[PDB]
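Visitor: This one is an experimental structure. Sequence first:
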Amino acid sequence: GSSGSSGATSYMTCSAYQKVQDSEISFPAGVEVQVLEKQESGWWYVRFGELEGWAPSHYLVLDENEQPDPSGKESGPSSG
């Protein structure tokens, strides 16, 4: 292929976020954004079109694995 990116991940906004600082940017609920940077506090730098603001990973949807299994096993941890 062609490696030409700074290793980023695009997320989907599910909740309208409101910018608190002139730097941050507010986006509607139902759009896509690119996470440029990531803070250890939870605020990631996203880009919406021609603007870039720091939005909380809480408003952004993450593609995590969810497998709610009943944990039904014929047997348990034997030898105990």
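Guide: Perfect, I can see it now. Numbering: from 1, shown residues only.

Visitor: Please count neighbours and contacts with C-alpha atoms only from this point.
Guide: Will do.

Visitor: and residue 9, what are its bridge partners?
Guide: With DSSP bridges as the criterion, residue 9 is bridged to residue 35.

Visitor: Any idea how many residues pack against the closest residue to residue 34 other than its chain neighbours?
Guide: Leaving out its chain neighbours, the residue that sits closest to residue 34 by Cα to Cα, 6 or more residues apart in numbering is residue 10, at 4.3 Å. Look at residue 10: counted by other Cα atoms under 10 Å, it has 15 neighbours.

Visitor: go on, the one 10 residues further on?
Guide: Here the number of neighbours of residue 20 (other Cα under 10 Å) works out to 12.

Visitor: what do you get for residue 29?
Guide: Neighbour tally, residue 29, other Cα under 10 Å: 14.

Visitor: Can you tell me the SS state at it?
Guide: Secondary structure, DSSP: H, G, I helix; E, B strand; the rest coil: residue 29 is coil.

Visitor: so it sits right up against residue 11, yeah?
Guide: No - the criterion here is Cα atoms under 8 Å, and residue 29 misses it with residue 11 at 11.9 Å.

Visitor: Counting neighbours, what do you get for residue 35?
Guide: 22.

Visitor: Only alpha carbons, please: show stretch 67-80 as CSV.
Guide: Output of stretch 67-80 as CSV, limited to C-alpha atoms (Å, rounded to 0.1, in the frame of the first residue of the first chain):
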residue,chain,number,x,y,z
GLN,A,67,-18.9,-10.1,24.2
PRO,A,68,-21.4,-10.5,27.1
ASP,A,69,-21.1,-14.3,27.6
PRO,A,70,-23.0,-16.1,30.4
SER,A,71,-19.8,-17.7,31.4
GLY,A,72,-21.5,-21.1,31.2
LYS,A,73,-18.8,-23.8,31.5
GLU,A,74,-19.6,-27.5,31.9
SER,A,75,-17.1,-27.4,34.7
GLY,A,76,-14.9,-25.0,36.6
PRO,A,77,-11.3,-24.7,37.8
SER,A,78,-10.8,-28.4,38.7
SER,A,79,-7.9,-29.4,41.0
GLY,A,80,-9.2,-27.2,43.7
